[PDB]
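Before any questions on binding or motion, here is one chain by itself as structure tokens, the form deposited in one PDB entry.
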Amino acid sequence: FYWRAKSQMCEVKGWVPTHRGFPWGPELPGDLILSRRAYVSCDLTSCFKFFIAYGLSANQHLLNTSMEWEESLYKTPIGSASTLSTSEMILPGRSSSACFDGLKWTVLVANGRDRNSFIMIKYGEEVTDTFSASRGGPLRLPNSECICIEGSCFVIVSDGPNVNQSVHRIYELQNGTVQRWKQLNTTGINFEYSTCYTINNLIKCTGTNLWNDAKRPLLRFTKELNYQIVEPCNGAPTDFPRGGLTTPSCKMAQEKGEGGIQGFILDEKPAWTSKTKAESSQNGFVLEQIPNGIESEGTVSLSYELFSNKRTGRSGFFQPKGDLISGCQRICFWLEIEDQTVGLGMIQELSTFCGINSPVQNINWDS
């Protein structure tokens, strides 16, 4: 009854778009709910976009409301645009995580500022738990799906006012109730915006180091909260911003390590990295396969420039949970595509891509 990943991950030799973002810009229709910090998560039947709403479109501008500073989490079926008719308001929240365990949705949101920040957890209809900042706040949820295995759901929560002394904990939940937690030893790094997937009883997450690294730190942990934090050992940093290519080593890429943006590394053998085409602008998106894994020298084989010029933002994992034909576990990612509008600035729309077990041509989806 509780979901768990299929026994092995599908071989990944390509990536195909299953959903392009709605093609808004320079104009968009009215009564659209404008979203940020969006991500994807699925029940056993279909997938949804979870997001924080910050405005509603009206004649190309923003309806004058308090939506921007009264922050609430919404969800919309992936195949629909986010409008008042198609989107459901779930809880108030500035950051969030959500995941379906096979029976019910567990949803976490963070509210309040600094020392007042607290997290609440909902399982189904029911608020089941809360906890407050303990290292100064704000508490921060990763804005990517949490990970459920056989009824236990895991999420990374971050605390602390400064990226140079952040605190990161794994929380284990059951029926929306904290069972235990483990504070990770992250001395010398920062680990925000965890995006994760699960395979053979392991949870693997990619972080974003906003302090002193342009490589993305990686976390591997078990259902028992045993863990290891790992550094990519190639010479191609994947955060944005970042410096240029370097000699492969397991060392941090400190050139332009400050700042960053949510992103992912498929931490398997082969591994896949993902990054902007250019180190100079947040444009394009490139997927590269590293057969010997992320802790090898990083020699690339397959390479796919999914976008060249389109402006791209945050990205992260989600996993289909109800496949019937596939005997192996599929892996997908979501990716913000940024569009310029005439009357309310830069918007982002999520597209989604899933791994396939066959190679395809190096199609450019810029269109």
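In this text, residue numbers run from 1 along the sequence as written. Only residues modelled in both forms are compared. Superpose the two forms; the largest set of C-alphas matching within 1.5 Å is the rigid core.
If you look for the form deposited in another entry, you will not find it shown, but the lines that follow are about it.
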- Query: Of 308, 303, 60, 299, which one has a Cα that moves 2 Å or more between this form and the one not shown once the core is lined up?
  - Reply: 60
- Message: Rigid core superposed, CA of residue 27 - does it shift 2 Å or more between this form and the one not shown?
- Response: yes
- Message: Quick check on residue 346: with the core superposed, does its CA move 2 angstroms or more between this form and the one not shown?
- Response: yes
- Query: Compared with this form, is the residue 342-residue 81 Cα separation smaller or larger in the other entry, the difference being 3 Å or more?
  - Reply: closer
- Task: Since the C-alpha distance between residue 62 and residue 78 changes by 3 Å or more in the other entry, give its direction relative to the shown form: closer or farther.
- Result: farther
- Consecutive stretches, 3 or more residues long, displaced between this form and the one not shown (C-alpha shift of at least 2 Å once the core is aligned): 21-29, 59-68, 339-347
